[PDB]
Amino acid sequence: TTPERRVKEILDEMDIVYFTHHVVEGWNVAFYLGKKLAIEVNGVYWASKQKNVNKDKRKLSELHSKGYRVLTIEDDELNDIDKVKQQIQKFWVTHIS
Amino acid sequence: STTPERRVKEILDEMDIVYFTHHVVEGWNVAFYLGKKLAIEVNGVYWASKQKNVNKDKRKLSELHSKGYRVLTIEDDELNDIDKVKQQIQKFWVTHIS
């Protein structure tokens with residue numbers, strides 16, 4: 001139904017464990033996979049989305065500066081799950097291994 | 001800047017309400033399960049990845065109800081007026097949990 005729900009289902013299929021809506025360095029991420037690996041879900045727009053480019057930008061720069069690798073999945077990309085699974089795959093394999 | 005589910009979570013945290021996230025009750029997946037057969041769902045008119053299938057929503061609610069479950073559905077757009085969603089959740093909680 002929701003982007004997060006869809007990402008969760010992919011993670012379960014790949015048998016990947018995670019903390020949901022987990023706080024890291026004062027920031028919120030959709031899924032935390034450990035070893036400073038996080039997945040975020042975003043999109044150009046949704047009804048209750050309050051735009052803030054500077055905040056979103058700062059968030060990534062701080063996390064990255066602290067050793068975090070963040071994979072941001074766009075809600076549109078979900079209509080092509082085969083590509084999303086690929087992004088999650090590469091992300092997990094190249095960073096956890 | 002935050003997903004609808006994230007925004008609902010923050011509300012629950014503020015009200016000091018505990019939950020299972022993306023929980024499955026009677027074969028149906030809910031965004032937040034609060035126990036005592038209480039759940040909160042997050043939906044909306046339509047978004048980027050949403051596939052319209054009301055025949056699964058009309059079924060979900062009707063079946064859960066007969067099993068004793070009570071589901072509060074929050075539309076993504078409702079979050080723009082956060083106070084309205086807080087009072088819904090507050091009343092929902094007090095109603096079935098008193």
# chains A, B, ... in the order shown; residues from 1 in each chain; ligands from 1
$ closest_atom_pairs --of "chain A" --to "chain B" --cutoff "9 Å" --atoms "only C-alpha atoms" --output "CSV"
residue,atom,partner,partner_atom,distance
A:1,CA,B:50,CA,6.1
A:2,CA,B:50,CA,7.1
A:3,CA,B:49,CA,7.1
A:4,CA,B:5,CA,8.2
A:5,CA,B:22,CA,6.9
A:8,CA,B:22,CA,8.3
A:20,CA,B:21,CA,7.4
A:21,CA,B:6,CA,6.9
A:28,CA,B:6,CA,8.8
A:30,CA,B:6,CA,8.0
A:41,CA,B:3,CA,7.8
A:42,CA,B:3,CA,7.7
A:43,CA,B:48,CA,8.3
A:45,CA,B:47,CA,8.5
A:46,CA,B:47,CA,6.8
A:47,CA,B:77,CA,4.8
A:48,CA,B:77,CA,5.3
A:49,CA,B:1,CA,5.4
A:50,CA,B:1,CA,5.1
A:51,CA,B:1,CA,5.7
A:52,CA,B:1,CA,6.5
A:53,CA,B:1,CA,8.8
A:55,CA,B:1,CA,8.5
A:56,CA,B:1,CA,7.5
A:75,CA,B:48,CA,6.0
A:76,CA,B:48,CA,5.3
A:77,CA,B:49,CA,8.0
A:78,CA,B:49,CA,5.9
A:79,CA,B:49,CA,5.6
$ select_by_dssp --residues "chain A" --states "strand (DSSP E)" --output "compact mmCIF listing (two decimals) with N, CA and C atoms, in the first residue's frame"
# COMPACT_ATOMS: atom_id res chain seq x y z
N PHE A 19 15.64 -2.10 11.77
CA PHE A 19 14.86 -1.33 12.73
C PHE A 19 14.00 -0.35 11.95
N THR A 20 12.71 -0.28 12.29
CA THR A 20 11.78 0.58 11.56
C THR A 20 11.66 1.96 12.20
N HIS A 21 11.64 3.00 11.37
CA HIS A 21 11.59 4.38 11.84
C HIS A 21 12.60 4.59 12.96
N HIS A 22 13.85 4.22 12.69
CA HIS A 22 14.90 4.25 13.70
C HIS A 22 15.64 5.58 13.70
N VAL A 23 15.98 6.07 14.89
CA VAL A 23 16.71 7.32 15.02
C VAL A 23 18.22 7.07 14.97
N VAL A 24 18.90 7.78 14.08
CA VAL A 24 20.36 7.72 14.01
C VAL A 24 20.96 9.12 13.91
N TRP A 27 18.60 11.87 13.52
CA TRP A 27 17.81 11.83 12.30
C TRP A 27 16.97 10.57 12.22
N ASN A 28 15.83 10.67 11.55
CA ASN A 28 14.95 9.52 11.35
C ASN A 28 15.17 8.87 9.99
N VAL A 29 15.27 7.54 9.99
CA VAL A 29 15.33 6.79 8.74
C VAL A 29 14.24 5.73 8.73
N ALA A 30 13.73 5.42 7.54
CA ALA A 30 12.66 4.45 7.39
C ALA A 30 13.10 3.07 7.88
N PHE A 31 14.26 2.62 7.42
CA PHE A 31 14.79 1.32 7.80
C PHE A 31 16.28 1.39 8.10
N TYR A 32 16.67 0.94 9.30
CA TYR A 32 18.08 0.86 9.65
C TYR A 32 18.55 -0.59 9.62
N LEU A 33 19.59 -0.86 8.84
CA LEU A 33 20.03 -2.23 8.60
C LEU A 33 21.27 -2.61 9.41
N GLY A 34 21.81 -1.66 10.16
CA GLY A 34 23.02 -1.90 10.93
C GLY A 34 24.27 -1.53 10.15
N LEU A 37 24.15 1.41 7.87
CA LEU A 37 23.42 1.30 6.61
C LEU A 37 21.95 1.64 6.83
N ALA A 38 21.46 2.63 6.09
CA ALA A 38 20.08 3.05 6.22
C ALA A 38 19.38 3.16 4.88
N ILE A 39 18.08 2.90 4.88
CA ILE A 39 17.26 3.09 3.69
C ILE A 39 16.20 4.13 4.00
N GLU A 40 16.07 5.12 3.12
CA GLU A 40 15.02 6.11 3.25
C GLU A 40 14.04 5.99 2.09
N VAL A 41 12.80 6.36 2.33
CA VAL A 41 11.79 6.40 1.28
C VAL A 41 11.34 7.83 1.06
N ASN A 42 11.42 8.28 -0.19
CA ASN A 42 11.08 9.66 -0.53
C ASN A 42 10.20 9.72 -1.77
N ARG A 69 25.86 5.20 5.17
CA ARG A 69 25.52 5.07 3.77
C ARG A 69 24.00 4.99 3.66
N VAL A 70 23.42 5.93 2.92
CA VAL A 70 21.97 6.03 2.84
C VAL A 70 21.46 5.76 1.43
N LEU A 71 20.59 4.76 1.31
CA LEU A 71 19.92 4.48 0.04
C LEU A 71 18.53 5.08 0.07
N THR A 72 18.29 6.04 -0.82
CA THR A 72 16.99 6.69 -0.89
C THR A 72 16.17 6.13 -2.05
N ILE A 73 15.06 5.47 -1.71
CA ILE A 73 14.17 4.91 -2.72
C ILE A 73 13.03 5.87 -3.02
N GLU A 74 12.92 6.28 -4.28
CA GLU A 74 11.85 7.18 -4.71
C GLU A 74 10.57 6.38 -4.87
$ closest_residue --among "A:25, A:12, A:7, A:88" --to "residue A:67" --atoms "only C-alpha atoms"
A:25
$ atom_distance --atom1 "atom CA of residue B:97" --atom2 "atom CA of residue B:35"
9.7 Å
$ residues_around --residues "residue B:83" --least-positions-apart "5" --cutoff "12 Å" --atoms "only C-alpha atoms" --output "PyMOL selection string"
chain B and resi 8+11+78+88-90
$ write_last_selection --atoms "N, CA and C atoms" --output "compact mmCIF listing (two decimals), in the first residue's frame"
# COMPACT_ATOMS: atom_id res chain seq x y z
N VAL B 8 2.40 9.59 11.71
CA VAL B 8 1.49 8.92 12.64
C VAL B 8 2.26 8.35 13.83
N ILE B 11 2.92 10.95 16.40
CA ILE B 11 1.71 11.19 17.18
C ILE B 11 1.58 10.18 18.31
N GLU B 78 -5.20 14.09 5.55
CA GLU B 78 -5.69 14.49 6.87
C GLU B 78 -4.56 14.99 7.76
N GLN B 88 -8.72 12.14 16.72
CA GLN B 88 -9.24 10.87 16.24
C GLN B 88 -8.56 9.71 16.96
N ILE B 89 -7.23 9.77 17.02
CA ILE B 89 -6.45 8.72 17.68
C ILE B 89 -6.73 8.69 19.18
N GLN B 90 -6.90 9.87 19.77
CA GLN B 90 -7.18 9.98 21.20
C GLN B 90 -8.53 9.37 21.54
$ closest_residue --among "A:63, A:26, A:35, A:14" --to "residue A:95" --atoms "only C-alpha atoms"
A:35
$ select_by_dssp --residues "stretch 28-97 of chain B" --states "helix (DSSP H, G or I)" --output "ChimeraX atom specification"
/B:54-66,76-97
$ write_last_selection --atoms "N, CA, C and O atoms" --output "CSV table (one decimal), in the first residue's frame"
chain,number,residue,atom,x,y,z
B,54,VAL,N,-10.2,-1.3,-4.4
B,54,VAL,CA,-11.1,-1.1,-3.3
B,54,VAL,C,-11.7,-2.4,-2.8
B,54,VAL,O,-12.1,-2.5,-1.7
B,55,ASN,N,-11.8,-3.4,-3.7
B,55,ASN,CA,-12.4,-4.7,-3.4
B,55,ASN,C,-11.6,-5.4,-2.3
B,55,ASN,O,-12.0,-6.4,-1.8
B,56,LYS,N,-10.4,-4.9,-2.0
B,56,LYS,CA,-9.5,-5.5,-1.0
B,56,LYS,C,-9.6,-4.7,0.3
B,56,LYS,O,-9.3,-5.2,1.4
B,57,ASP,N,-10.1,-3.4,0.2
B,57,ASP,CA,-10.3,-2.6,1.3
B,57,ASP,C,-11.6,-2.8,2.0
B,57,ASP,O,-11.8,-2.9,3.2
B,58,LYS,N,-12.7,-2.9,1.1
B,58,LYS,CA,-14.0,-3.2,1.6
B,58,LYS,C,-14.1,-4.5,2.3
B,58,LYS,O,-14.8,-4.7,3.2
B,59,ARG,N,-13.2,-5.4,1.8
B,59,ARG,CA,-13.1,-6.8,2.4
B,59,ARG,C,-12.4,-6.7,3.7
B,59,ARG,O,-12.9,-7.3,4.7
B,60,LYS,N,-11.2,-6.1,3.7
B,60,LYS,CA,-10.4,-6.0,4.9
B,60,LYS,C,-11.2,-5.6,6.1
B,60,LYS,O,-11.2,-6.2,7.2
B,61,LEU,N,-11.8,-4.4,6.0
B,61,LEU,CA,-12.5,-3.8,7.1
B,61,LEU,C,-13.7,-4.7,7.6
B,61,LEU,O,-13.9,-4.9,8.8
B,62,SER,N,-14.5,-5.2,6.7
B,62,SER,CA,-15.7,-6.0,7.0
B,62,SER,C,-15.3,-7.3,7.7
B,62,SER,O,-16.0,-7.7,8.7
B,63,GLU,N,-14.2,-7.9,7.3
B,63,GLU,CA,-13.8,-9.2,7.9
B,63,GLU,C,-13.2,-8.9,9.3
B,63,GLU,O,-13.6,-9.7,10.2
B,64,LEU,N,-12.3,-8.0,9.4
B,64,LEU,CA,-11.7,-7.6,10.7
B,64,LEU,C,-12.8,-7.3,11.8
B,64,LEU,O,-12.7,-7.8,12.9
B,65,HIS,N,-13.8,-6.5,11.4
B,65,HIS,CA,-14.8,-6.1,12.3
B,65,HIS,C,-15.5,-7.4,12.9
B,65,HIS,O,-15.8,-7.4,14.1
B,66,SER,N,-15.8,-8.3,12.1
B,66,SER,CA,-16.5,-9.5,12.5
B,66,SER,C,-15.6,-10.4,13.5
B,66,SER,O,-16.1,-11.1,14.3
B,76,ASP,N,-3.7,10.2,4.2
B,76,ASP,CA,-2.5,11.0,4.1
B,76,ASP,C,-2.8,12.5,4.2
B,76,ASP,O,-2.1,13.2,4.9
B,77,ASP,N,-3.8,13.0,3.5
B,77,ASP,CA,-4.1,14.4,3.4
B,77,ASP,C,-4.6,14.9,4.7
B,77,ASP,O,-4.4,16.1,5.0
B,78,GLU,N,-5.2,14.1,5.6
B,78,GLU,CA,-5.7,14.5,6.9
B,78,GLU,C,-4.6,15.0,7.8
B,78,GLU,O,-4.8,15.8,8.7
B,79,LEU,N,-3.3,14.5,7.5
B,79,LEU,CA,-2.2,14.9,8.3
B,79,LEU,C,-1.8,16.4,8.2
B,79,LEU,O,-1.1,16.9,9.1
B,80,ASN,N,-2.3,17.0,7.1
B,80,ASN,CA,-2.1,18.5,7.0
B,80,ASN,C,-2.7,19.2,8.1
B,80,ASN,O,-2.3,20.3,8.5
B,81,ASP,N,-3.8,18.7,8.7
B,81,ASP,CA,-4.5,19.3,9.8
B,81,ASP,C,-4.3,18.3,11.0
B,81,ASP,O,-5.2,17.6,11.5
B,82,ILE,N,-3.0,18.3,11.5
B,82,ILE,CA,-2.6,17.3,12.5
B,82,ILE,C,-3.5,17.2,13.7
B,82,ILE,O,-3.6,16.1,14.2
B,83,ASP,N,-4.0,18.3,14.2
B,83,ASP,CA,-4.8,18.3,15.4
B,83,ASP,C,-6.0,17.4,15.3
B,83,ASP,O,-6.5,16.7,16.2
B,84,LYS,N,-6.6,17.4,14.1
B,84,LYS,CA,-7.8,16.5,13.8
B,84,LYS,C,-7.4,15.1,13.9
B,84,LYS,O,-8.3,14.2,14.3
B,85,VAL,N,-6.2,14.7,13.5
B,85,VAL,CA,-5.8,13.3,13.5
B,85,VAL,C,-5.4,12.9,15.0
B,85,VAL,O,-5.7,11.8,15.4
B,86,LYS,N,-4.9,13.8,15.7
B,86,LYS,CA,-4.6,13.6,17.1
B,86,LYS,C,-5.9,13.2,17.9
B,86,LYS,O,-5.9,12.3,18.7
B,87,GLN,N,-6.9,14.0,17.7
B,87,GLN,CA,-8.2,13.8,18.4
B,87,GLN,C,-8.9,12.5,18.0
B,87,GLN,O,-9.5,11.8,18.8
B,88,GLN,N,-8.7,12.1,16.7
B,88,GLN,CA,-9.2,10.9,16.2
B,88,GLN,C,-8.6,9.7,17.0
B,88,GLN,O,-9.2,8.8,17.4
B,89,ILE,N,-7.2,9.8,17.0
B,89,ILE,CA,-6.5,8.7,17.7
B,89,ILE,C,-6.7,8.7,19.2
B,89,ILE,O,-6.8,7.6,19.8
B,90,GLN,N,-6.9,9.9,19.8
B,90,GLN,CA,-7.2,10.0,21.2
B,90,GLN,C,-8.5,9.4,21.5
B,90,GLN,O,-8.7,8.6,22.5
B,91,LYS,N,-9.5,9.7,20.8
B,91,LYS,CA,-10.9,9.2,20.9
B,91,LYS,C,-10.9,7.7,20.7
B,91,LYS,O,-11.6,6.9,21.4
B,92,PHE,N,-10.2,7.3,19.6
B,92,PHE,CA,-10.1,5.9,19.2
B,92,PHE,C,-9.6,5.0,20.4
B,92,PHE,O,-10.1,4.0,20.7
B,93,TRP,N,-8.5,5.5,21.0
B,93,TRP,CA,-7.9,4.9,22.2
B,93,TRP,C,-8.8,4.8,23.4
B,93,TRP,O,-9.0,3.7,23.9
B,94,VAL,N,-9.4,5.9,23.8
B,94,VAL,CA,-10.2,6.0,24.9
B,94,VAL,C,-11.5,5.2,24.7
B,94,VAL,O,-12.1,4.6,25.7
B,95,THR,N,-12.0,5.1,23.5
B,95,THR,CA,-13.2,4.4,23.2
B,95,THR,C,-13.1,2.9,23.4
B,95,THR,O,-14.0,2.3,24.1
B,96,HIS,N,-12.1,2.3,22.9
B,96,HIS,CA,-12.0,0.8,22.9
B,96,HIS,C,-11.1,0.3,24.1
B,96,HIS,O,-11.1,-0.9,24.4
B,97,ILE,N,-10.3,1.2,24.7
B,97,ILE,CA,-9.5,0.9,25.8
B,97,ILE,C,-9.9,1.6,27.1
B,97,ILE,O,-9.5,1.1,28.2
$ closest_residue --among "A:36, A:65, A:83, A:57" --to "residue A:96" --atoms "only C-alpha atoms"
A:36
$ closest_residue --among "A:66, A:92, A:86, A:81" --to "residue A:6" --atoms "only C-alpha atoms"
A:81
$ atom_distance --atom1 "atom CA of residue A:18" --atom2 "atom CA of residue B:37"
25.0 Å
$ closest_residue --among "B:74, B:69, B:41, B:12" --to "residue B:25" --atoms "only C-alpha atoms"
B:69
$ residues_around --residues "residue B:39" --least-positions-apart "3" --cutoff "7 Å" --atoms "only C-alpha atoms" --output "ChimeraX atom specification"
/B:30,32-34,70-72
